């Protein structure tokens, strides 16, 4: 097959993507070995859904797992009556998700389970896939002529031919695996045919971070989680926290082989040490560097010029309220809190008004990185750690290192009850989630 593996694409037909997916334990060949994963559509990652604004999506999820599950349409500003974080599909049962793709939308999104208490093992076992919203922007020559690929960054650990079980330490840190895969493949080779690549990036890992760097090359960020930037932004590296997406242009400068690496990064994961007497927690330190893929540049590469502009970011109304959400940890108990509380599905924590804008100040008073995710309502990151953000674009996950405050501009869109949580999904399962009601 193609030297570069990517999930199969399912496209809307005549404005309708009607699809039945089964969540099912599936024997597969993965990274040269045989394993039984939990999959959507029989594959890992699940199929990529490619749609356009105003399309109708009609996705029937059949639960063939031995435990209940559901779907989160991560990043989609749709109704929480569709993207329902409280819905439970019992084993054997089916549920049909139907929504219209919003008109003003573009970028890389994804789907995965969101059943509180069960997310981390289900997501770790392989239940995820991408959703791409095509834009009219894709027809500008600087993007249309680029070579496009999706890179689903997700790691895995196998034990006896199945996903490795969660240990108590995994619930504290978030589980990482030793198999650091792109699109389910171990260090695939990408033999580029064009000098400009358009790479959609998805961190679908439970907890692993990807400090992305391409050897000898900068990256040109053209989209964040939920939409285009206003213009490309040159970066030397790009950190993708769990649940985040990005789109980058790569402008291949010369012939040769270049590594795409996940450079060492310390997210505050903790181990345990006994040095005489007392056993206590100790930092794991930075991750070991990982090669994600081998990128082979074509003959005499002449990259396209960059697009001068992408999408203007909407001017937002002046905000009507400021929130503060403080994140804290009880590491030895693997308990995690927002404003001193753990999630309770019966308890409404924030009440806002649709079509108003709020300022959310999210403060990480823990020692671990926490990537904060809000459903349903994409936000604009104003600043993190007192540093202004270098671009304007829609995001739905913001990473907070220890001590950092993120200031977010949150327009409230669809009415209903939804959630916000850490997207180290172990921490969500362990309480770091709250309930927002929009009326």
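Positions refer to the first chain, counted from 1. Superpose the two forms; the largest set of C-alphas matching within 1.5 Å is the rigid core.
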* Structure fact -> Note: with structures superposed on the core, the stretch whose C-alphas sit farther off in 8 other deposited structures of this protein, 320-328 or 276-284, is 276-284
* To do: Compare 303-311 with 267-275 and report which one shows the larger root mean square C-alpha deviation from this form in 8 other deposited structures of this protein once the rigid core is superposed.
  => 267-275
* Structure fact -> Quick note on 125-133 and 94-102: per-entry mean CA temperature factor is higher in 94-102
* Asked: According to the deposited model, is the average Cα temperature factor higher in 174-182 or in 80-88?
  -> 80-88
* Using the entry's values, work out which of 59, 381, 38, 35 has the largest Cα B factor. => 59
* If you check the C-alpha B-factor for each of 289, 268, 226, 314 in the entry, which is highest? -> 314
* Structure fact -> Tertile call for residue 193 (CA temperature factor, within chain, third-based) is the highest
* Pull the Cα B-factor of residue 396 out of the PDB entry and bin it into the chain's lowest, middle or highest third. => lowest
* Structure fact -> residue 28: C-alpha B-factor third of its chain, per the entry, is the middle
* Select lowest, middle or highest to describe the third in which the CA B-factor of residue 339 falls within its chain in this entry. => highest
* Asked: What third of its chain's C-alpha B-factors does residue 424 belong to: lowest, middle or highest?
  -> middle
